[PDB]
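Shown here is one chain on its own, the form solved without this ligand, set out as structure tokens.
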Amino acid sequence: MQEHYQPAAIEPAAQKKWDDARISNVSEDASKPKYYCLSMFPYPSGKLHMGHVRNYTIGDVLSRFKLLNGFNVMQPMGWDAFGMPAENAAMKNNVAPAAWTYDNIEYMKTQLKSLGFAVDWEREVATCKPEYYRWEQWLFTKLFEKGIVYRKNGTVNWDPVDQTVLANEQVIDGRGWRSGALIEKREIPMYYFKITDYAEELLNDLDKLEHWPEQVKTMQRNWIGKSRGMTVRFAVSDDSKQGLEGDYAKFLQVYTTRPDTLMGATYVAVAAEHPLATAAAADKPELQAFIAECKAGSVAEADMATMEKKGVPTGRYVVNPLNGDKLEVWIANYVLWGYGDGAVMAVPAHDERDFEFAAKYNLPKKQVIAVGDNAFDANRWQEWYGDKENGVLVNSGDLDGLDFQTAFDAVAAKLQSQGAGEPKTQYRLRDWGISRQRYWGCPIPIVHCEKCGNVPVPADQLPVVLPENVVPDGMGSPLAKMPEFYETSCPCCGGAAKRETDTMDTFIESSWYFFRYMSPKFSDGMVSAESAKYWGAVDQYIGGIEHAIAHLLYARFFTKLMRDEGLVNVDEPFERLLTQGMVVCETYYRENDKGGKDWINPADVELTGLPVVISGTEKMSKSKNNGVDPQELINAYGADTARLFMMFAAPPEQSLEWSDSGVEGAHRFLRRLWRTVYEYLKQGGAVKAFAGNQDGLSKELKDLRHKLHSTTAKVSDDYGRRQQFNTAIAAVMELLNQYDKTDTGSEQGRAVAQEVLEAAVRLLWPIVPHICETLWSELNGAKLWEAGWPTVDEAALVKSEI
């Protein structure tokens, strides 16, 4: 055993030892209890970043802990290979996105192997391979026939200069992000998952997830946005029917979640496309300009809750069916055509968005709810104005005194008996659009034929292979300009036809990869029946916060989809969720030639020859060039120091502040662990660890065993229930300090020192397995993973009798 700790010598050997023993190459073995630990698979962007290293070290700590406790642990790895960065890199460097993607994969794989993650590489998948995406094309065809996938027109944002479709995040002030050209809204046919058919299932099955964080469950309920409300019809007044046809000449229909405030409505509002807006704007050019300013804006929910809510009066009037009040119709920029009826009622006294709208335009505010002895101020909002659990009605005629629920049914009965309304349930959830006007993605298995229409490709002819000999050029998606791809025969009649050139949303590949890992070489289906039944569902999921709500919701959706097709038998994919905090770092800038700044990577900076300004700390990003390359951390201190610093500097949910001093401290603790064992072996070699009855031990050795087994208990709880690995490292450190302070020179003293060290190297093996595997083999000849997790000796926790 070498005196000094040298990670470059031991980490390659420990990895070859785990690979030769195939400790993490697991199969469907019904003898050991299964455990599926899943970390979110990475996009192959070129090389790992610090967020990758933290995510996969967390997942490896949890996997190695469960392995040491006797579980059949599956920790698979794979590559989320589709998406825009390969397409952008293809244009910047004139290479094929596939070649760019496969090069990044082979390099990033060696980086992951160099970190010693106990990963079943026999289950590796790359989603850009036909071996993978043929199965999401398969499910597509199956759901297309059943109607769960359907084709319908939808409005996108067309950049006429870049000749490409833009995401709303890429539209700034009505113009394209990279061109500045005014976007044009275009109606094109696109494909959708009828996810609204599963809204109730997606909401109620959250009750099964006893171990999910409540806020994550709350965020899924707000996205779905279920409400039980009331459809209400306001009859159009006799003086307001000009230009109106059909029912729009008869009544104005609205949806409301507060029909117990119907007596308090003071005006109504309609979308800019509502026929009442069309008819009223006919002879009024101010309303025409307002309708156009609405129709040329962004409808994104982010760009709607932040926007100035504005409106214009129309001069048309409708009648409140419950009290005969004559209410004016306004056009409003927050009412959206396509969300329900395209019209709403406004109760400024009990809706904060209506309160602010009415305060702006001096519209009336009619209190119809009372809460205790609270005074009502019509010029200042209070949160009790919106109170529903304690609301008693006032100024409501024969409804005064009722609470929310009995006023709801009273109003329902009143409206229904006169035909002017009925209860209704709605969801904010929209159908999932999966058409992408992009090349580097999974082709949509639709063939367009004039005789037969939109026809799905037969299962025999799957996959529809995306050609990889393509370099995109940024003037439209390449597939649409490639006849050798889209020219084909119709599968129903054999005549000339045209393939779908759009590709799928990449959220699709991430919605089911956790099932493909169970049998990634299976060629008869998405997932083999045997392997899906054994592995069941993901026991632990570790990932990031970016796009998490949509990713989770989509993966739950696909699970129920695949279950109903007979592929899986579980209802929910993820039993536990751990979202890691970001990794932050300081920023450094130097002013520009004309009132600006410029940021430089921290590695290329002289800390403590020109002076550079130390700015502020933020997430490691290319925006201010503060991303510390993890490869330079590995080369400098070894993989164990990299893993130790990430697990020690912060709890996994908390943000982790990069510290050069922190990394040095981590590496210095590893040398201490190494030197602690070495000095122990050079003073007599190894012995049999202490075990059994502990009476007759000295007061000092008894206390060391108490600290030992109390530390084992703390580390177990930190790994198993708290998932707080930083305090677990702190615990082992405290045990080592008590060790150093203890005379372990006697025969029984060495037996206790052996037990202290044999436990310490096993308590830290999930965090730093290279040095722990190496130190363990110098103390003990048995296999570490068969010695298992250190057990708690409760007899050593029973203090003396005084």
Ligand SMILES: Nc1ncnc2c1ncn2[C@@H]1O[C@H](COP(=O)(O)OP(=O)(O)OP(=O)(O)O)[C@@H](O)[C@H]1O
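The first residue of the sequence shown is number 1, and the count goes up from there. Under this definition, the rigid core comprises the largest set of C-alpha atoms superposing within 1.5 Å between the forms.
The form solved in complex with this ligand exists for this protein as well; it is not shown, and the discussion that follows is about that form.
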query: Interface membership of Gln580, this ligand in the entry with it bound, 4.5 Å heavy atom rule; finding: yes
query: Exercise: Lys92 in contact with this ligand in the entry with it bound, heavy atom 4.5 Å; finding: no
query: 4.5 angstroms heavy atom contact with this ligand in the entry with it bound for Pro651; finding: no
query: Partner contact for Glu546 in the entry with it bound: this ligand, 4.5 angstroms, heavy atom; finding: yes
query: Segment that reaches this ligand in the entry with it bound - one of 562-570, 536-544, 589-597, 479-487, heavy atoms within 4.5 Å; finding: 536-544
query: Partner-contacting position among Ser659, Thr406, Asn374, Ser623 - heavy atom within 4.5 Å of this ligand in the entry with it bound; finding: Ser623
query: Answer option from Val26, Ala759, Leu736, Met40, heavy atom within 4.5 Å of this ligand in the entry with it bound; finding: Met40
query: Members of 28-65 lying within 4.5 angstroms of this ligand, judged by heavy atom, in the entry with it bound; finding: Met40, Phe41, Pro42, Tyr43, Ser45, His49, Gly51, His52, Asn55, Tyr56
query: Option from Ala410, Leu553, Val149, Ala98 moving between the shown form and the other one, CA shift at or above 2 Å, rigid core reference; finding: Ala410
query: Rigid core fit then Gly616 CA moved by 2 Å or more between the shown form and the other one; finding: yes
query: Core-aligned C-alpha movement of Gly246 between the shown form and the other one, 2 Å or more; finding: yes
query: Flag for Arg675, CA shift 2 Å or larger between the shown form and the other one after aligning core; finding: no
query: Sense of CA distance change between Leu276 and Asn153 in the entry with it bound, threshold 3 Å; finding: farther
query: Cα distance between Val335 and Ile195, which in the entry with it bound differs by 3 Å or more from this form, closer or farther; finding: farther
